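Protein chains in written order, with the authors' numbering: chain D, 436 to 869; chain E, 2 to 108; chain V, 3666 to 3702, 3710 to 3858; chain G, 1207 to 1316, 1414 to 1854, 1889 to 1929; chain A, 2053 to 2315.
Backbone N, C-alpha and C define an ideal beta-carbon position, used for all residues, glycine too.
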């Protein structure tokens, strides 16, 4: 077929080869676990003898030749174009059965796995192909587990190819197990392979899943549901303050989180949007929240360093004043009366805004919402109205958790369904046209 | 090649010299955001003496410029932080290092 | 459970019978338990015979006869402590020409069609040592020169007379009482 | 629960809480769901925020096929609606993305030539909208990991955006950065000539300059006016939002154009210099969906809030620390609490095998690799895995193995190799040793006593990476052994007390996962010899209160233990016997 | 009643477990029965332990601890595969042993610790992992052989302990004989040191052991040296360089203390 003969002239026993491969797989099928110990041992001895006879008659090289001559065709379509449509249909099946037969012929037989050392280098050279990846991986695993001599030929190139298999084919624990067998075999550790696997896999931090301890972060907000809309009786400018009575820089090994600013709600639902209800996220960790921490303006989980007189992370006895203008989207901060030299602009205004503070353990913050509830230390900038002035007449201004759930006994914990939209927060008069 | 950004102010008068063991807590991180070391994770302060290259040169210069009781962010380029060979298994080649360093105490 | 563990270990196929301290100890313990040993009366002699039969039943009811055959078969004709203690255990359970043990041994061999047992028996017989006059001459020359003998009995000459005697005693106990079936099967 | 509905679920951990149990259920014999649980039952709710996940093969609406690239054809991933033309078909916009991001440069700078292809960083992909699919309903561009919007009506105006303007002290805006999760264009508007999708399928080609962060789009061979500028270090996911108006919706083409290196080179690090386009199996289409669950934390931060006074305002205080160990998926730029892997079987298995690889690479005294691994797995993470009572059993058993191998295995195996050889100095402290503590010939408690036999030194090295000397690679990394010992004793005591009732909720899911790893760590510590006197007495009382009382409660020996636990208990008893033998040998030498 | 003793407690517990349940794990079965046998045969523990017991003077404690650490470093190398760094560790580990004074003052302690078996095992590992493919890491093999010969020369009992391993060494005689600058550092040299100047050992030496050397010498007299002809030496049919080493070993086997061992 490779020498370009007519299909009719070519005698290609596809069906016979497939059925014979199935029969050989059944012949070399390993013993089952349900078997009694003596019978299991007898089957194991029979399989060992069969493998010995096959390899002594050199049936391994024949399988290798068949596999090599089959890989010349890139795909089933190409093989069908060369030989015929049945050949194309059965090409992948024949390759898989051949690889399974090789694995069955060499499995558990140290002599065969030692004789396969010469071909191991040729074997790893086709690991990239999806036509044979699983079979080649299984054969490689069997050889590495069984034969100590197999490890002595694995070099940097083969280990790098095995690792790149993870990057190209995604996560697969079989590659991990092959790499583990490349480290310690029969109670002996190969330090060169250990070092190569470490230095070629670990430092990237791009394939293996990464782990880290993150301090729990909670968010707190008042009742007010500041918003902007056309023809709505709402005042576009707003102002509030937060003073940090006490804060510990490092309650744990991780730095203490303390950020203050504004957050919006997707649509008119009263539930804050775009952020996880629980976790290590807080103000500024999403594109729905806008935060300041004394050194950084935080938005979309991105921090930009902002200049300020006497720059410092939020310390004890620090007063942060937050100003919001919805007429031209603007969020501004002033620390201890001094103006912060950065501001948020042109953010989405199709929602309801509200003050918010995100924190981890070790905070003693205090909301100064203006007026009777809190007493502003620094007078509000002209135009901006204090935040207590947005409370609805019936409702009462209180500071509650941003998210629904909180720390309490499980049987007392209230499970909440979806909340109703809060479109009534923005009172837009709709008069009947006359 | 080292950049210093003060997170917390120090005394402003005491700086490390010759002969002084600097005691720090550092929380070194890569530029992408992944943390690769923390003396606060190890719960023991790190002690190193100036001018005898016990530490990397970027860390040395950053701690020299820092003052007592001052927390600062140290941005170190690869040329002063492990070079281009990198640290095998920990730091990839040609990686800038961000350190959060607090100079606790000086003798 | 102990005997079944020892039988499974023997039945597992390995290229060589690995020395097992556990077998070395427990085979000896079981061998001593069986015998548990100047004129005596007929009644007390018969009582000793009956007690020995019960102490041998305590083991051969639990697969000891099969285990001491499997271990010899797995020995593959290699003289060693393992087979040396297996022979002692077989002798202990077979003392007095125990017909039940003889029948169990013959039935197991016939059923399993074990050729390895007899091949290992022939190998052990070939491996059995004899008097070596060259070794005796060297030993005498050492004494004549005056180096202190590490072994006083000349254990180099006639290396293991205990093993050979135990092997042939086992083979004799296999046929005592005129056991024609096993005599012909040998 | 529907809209504005409130309910409480009582599993009956405290039977008294169940209000109607006695009148119905008790005499019938029904038991509370949490009758025999020492821990709160973990609750999983429906996730509010949609996430991207790979399109299932059994999906009844969307089908994705991978077209291999021939010599003349680039690799293609074709998205089509199998449910089109059938009842219950969904006329809703679907949000598709590729599984891997292009990462922009950390710092932005201030026949095509092969050298140019090698030095350039611009990457390209394309989207062919199949003719007849209304391109006004099709959007092409890039999105970031933050995209979590499933509005049925999508338009380029609703995309979330902000502009951080940083100005000098005077107030002059020295820079302004626009940040948005969505960077996409519409094919309908990209039809600058008009009816471009009619005669042939419309081709939108997205090019990203990873060195400068410029995103530009070319339709029908001409560069469209709309362009985007992204900040450094942004990860951009190729994305298409399409409302299917045809059986065939669109096609991702991973080809390349003049002077632009294809997308696979940017995605994969191995092919960073490979001009040939590729579509390896890792790359796959992921569609936005709500079919995911979410685990509520067992414990939340305790925060107290109150109005101190009219002047003082409101007060928000939090003083108790809590932490959760977050597992970060690298390719998706995501992060999930590791306890969420209790239901994600594939990630659980892959991470367990990753832990096994971590143990294997540092196995058998590879101290340098252990020092390297201390960076990836920190001692706070190890201790949190030590103590956590909700961790999956596989992760528990892997993390104790790492804690043993990185820190304790070397000294443990040195002590085990030197165990059977007794070299005892002949000194005044050795002279005092006696077989029996007093006149009454009563055995002292095993282990407790004065042993003078020579013992290997215990030395550890601090694992710091700012240091430069390589000698620190010698010796196993240091660990807080006292804290580890205290936690081990505490957890053993609690485990014995809990297992004495045979609770339905063992730590790790099974009694094996609860005990085998704990007893393994305990045995390793005992072998090393950290335990001293009183701690040894307490652990011996835990083992058996009756025998080891110094002269109701059941020790570990008689608690109907599984076989793996029995094996380690046998190992513990073997160590105690070895201690007795060593004491006897020292007493004989003292008499000598 | 009250057990009051760890021995009785274990003896009760193992039997209770075994009689309560059918144990499926053979490793568990071995563990419990080993423990039970240890409890019942207490005197056997002493019989096994006392030969491994050594007493040293108080002044020698620090040196003995250093030597024990060196021996442990050498022992740990068995678990790892042969490499350059392991070769360096083995070399300076052996150097410390020679430098330590306890090595000479307490040869019985070293024989009990079984250092020579460990060095033998490392050498066997190398010769398995590079005997036929030409001796890899020859420097560490040479150092091991030198150490073992010095061990023979330290004391006459050590010479007998080393002679007990003669059979393997004679089979690995053809390691580096043809390579000079390694003379006195091949396993054949170690065998010669094992059977050098000891009448008892020379007499105890068997005829097959000499037959192995005679066969090697016959091979060297019939066929030339493959490694030499690979280097390009003129090809004469026979090998003098390898044959001379075997002749020296035969000389040491037959002639002792000025006397000729007639046997």
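Sequence-distant residues of its chain with Cβ nearer than 6 Å to residue i (five each side left out)
| i | result |
| --- | --- |
| residue 483 of chain D | none |
| residue 87 of chain E | 93, 94 |
| residue 16 of chain E | 68 |
| residue 1554 of chain G | 1282, 1284, 1431 |
| residue 668 of chain D | 862 |
| residue 1818 of chain G | 1902 |
Closest residue to residue i among the options (Cα-Cα distance)
| i | options | result |
| --- | --- | --- |
| residue 1492 of chain G | G:1241, G:1443, G:1468 | G:1443 |
| residue 1301 of chain G | G:1633, G:1567, G:1454, G:1280 | G:1454 |
| residue 739 of chain D | G:1519, G:1470, G:1557 | G:1470 |
| residue 1291 of chain G | G:1838, G:1267, G:1285 | G:1267 |
| residue 1465 of chain G | G:1482, G:1475, G:1457, G:1451 | G:1482 |
| residue 3720 of chain V | V:3800, V:3701, V:3805, V:3763 | V:3701 |
| residue 1422 of chain G | G:1500, G:1513, G:1430 | G:1513 |
| residue 60 of chain E | E:44, E:79, E:36 | E:79 |
| residue 1287 of chain G | G:1590, G:1501, G:1516, G:1789 | G:1590 |
| residue 580 of chain D | D:543, D:603, D:567, D:594 | D:543 |
| residue 745 of chain D | E:3, E:10, E:4, E:2 | E:10 |
| residue 3849 of chain V | V:3821, V:3667, V:3774 | V:3774 |
| residue 3811 of chain V | A:2197, A:2252, A:2288, A:2292 | A:2252 |
| residue 1305 of chain G | D:503, D:779, D:603 | D:603 |
Endpoints, the alpha helix (DSSP H) within which residue i is located
| i | result |
| --- | --- |
| residue 462 of chain D | 449 to 462 |
| residue 91 of chain E | Looking at the DSSP string, residue 91 of chain E is not in any alpha helix (DSSP H), and its letter there is neither H nor E. |
| residue 571 of chain D | 568 to 581 |
| residue 1814 of chain G | 1814 to 1831 |
| residue 526 of chain D | 520 to 541 |
| residue 1607 of chain G | Counting along the chain, residue 1607 of chain G falls outside any alpha helix (DSSP H), though it belongs to the beta strand (DSSP E) covering 1606 to 1612. |
Cut-off 8 Å between Cβ atoms - residues of its own chain near residue i, not counting five sequence neighbours on either side
| i | result |
| --- | --- |
| residue 2075 of chain A | 2069, 2081, 2084 |
| residue 1279 of chain G | 1273 |
| residue 2181 of chain A | 2133, 2134, 2188 |
| residue 617 of chain D | 579, 586, 589, 594, 597, 625, 628, 632 |
| residue 1799 of chain G | 1845, 1892, 1893, 1896 |
| residue 751 of chain D | 679, 680, 681, 682 |
Limits of the beta strand (DSSP E) - the one that residue i falls within
| i | result |
| --- | --- |
| residue 1427 of chain G | 1425 to 1432 |
| residue 908 of chain D | Here chain D has residues from 436 to 869 only, and residue 908 of chain D is not among them. |
| residue 1458 of chain G | Note, residue 1458 of chain G: premise wrong, no beta strand (DSSP E); not H, not E. |
| residue 787 of chain D | 786 to 794 |
| residue 1596 of chain G | 1596 to 1598 |
| residue 1508 of chain G | 1505 to 1512 |
Inside the segment 2156 to 2195 of chain A only - alpha helix (DSSP H) runs reaching at least 4 residues: 2159 to 2165, 2167 to 2180
Every unbroken alpha helix (DSSP H) inside the segment 3764 to 3814 of chain V [4 residues or more]: Entirely contained in the segment 3764 to 3814 of chain V, the alpha helix (DSSP H) runs reaching 4 residues are, in chain order, 3771 to 3784, 3788 to 3799.
Validate contact between the segment 49 to 67 of chain E and the segment 17 to 35 of chain E using beta carbons, cut 8 Å, 3 pairs: yes
Segment contact, 8 Å Cβ cut-off, at least three pairs: the segment 517 to 534 of chain D with the segment 461 to 478 of chain D: no
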